[PDB]
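**Student:**
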Amino acid sequence: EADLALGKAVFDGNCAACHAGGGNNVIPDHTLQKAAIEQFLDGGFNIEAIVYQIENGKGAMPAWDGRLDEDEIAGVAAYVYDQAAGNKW
Ligand code: HEC
């Protein structure tokens with residue numbers, strides 16, 4: 001599901017610290033656009049993957065399974081996925 005209203009509100013405080021504007025801090029190449037996600041998200045460019053990765057915490061990335069609820073797990077994923085797909089980053 002998701003509503004961008006909520007999803008971005010989380011992003012701003014939670015994700016942006018690394019991925020501000022579809023960026024990174026730790027790995028300045030792994031963004032959140034499709035050219036990154038397609039290869040660097042184990043599972044490839046899918047919402048279900050992003051859901052099932054955001055919670056699990058791939059590599060040098062905090063696991064969100066206990067921070068981000070069945071709501072914002074959907075919320076922020078949907079947000080970044082839209083940006084990614086659209087080129088709206
Ligand atoms: C810095 C402490 C991070 C925070 C905060 C978040 N992410 Fe991240 N993410 C980070 C890194 C270094 C990586 C790559 C790890 C590796 O093994 O090299 C990622 C990866 C992602 C991906 C997959 C695509 C990619 O860039 O490799 C996605 C879809 C992603 N991250 C989403 C995401 C969201 C929505 C966050 C807030 C809930 C978030 N990340 C925080 C580092 C960091």
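Numbering (PDB author numbering), first residue to last: 1 to 89. Where is the CB? At the ideal position from N, CA and C, for every residue including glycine.
Less than 7 Å separating the Cβ of residue 83 from some heavy atom of ligand 1?
**Tutor:** Flag unset: Cβ of residue 83 not near ligand 1.
**Student:** I'd like to know if the region 25-39 and the region 71-89 are in contact, where contact means that at least 3 CB-CB pairs between them fall below 8 Å.
**Tutor:** Yes: at least three Cβ pairs fall under 8 Å.
**Student:** Under a three-way DSSP split, which group does residue 22 fall into?
**Tutor:** Here residue 22 sits in coil by DSSP.
**Student:** Hey, is residue 51 close to ligand 1, as in C-beta under 7 Å from one of its heavy atoms?
**Tutor:** False, no ligand heavy atom lies under 7 Å from that Cβ.
**Student:** Taking 7 Å as the limit between beta carbons, can you name the residues of its chain near residue 8, skipping five residues before and five after?
**Tutor:** Once the five neighbours on either side are set aside, the close Cβ partners of residue 8 are 79.
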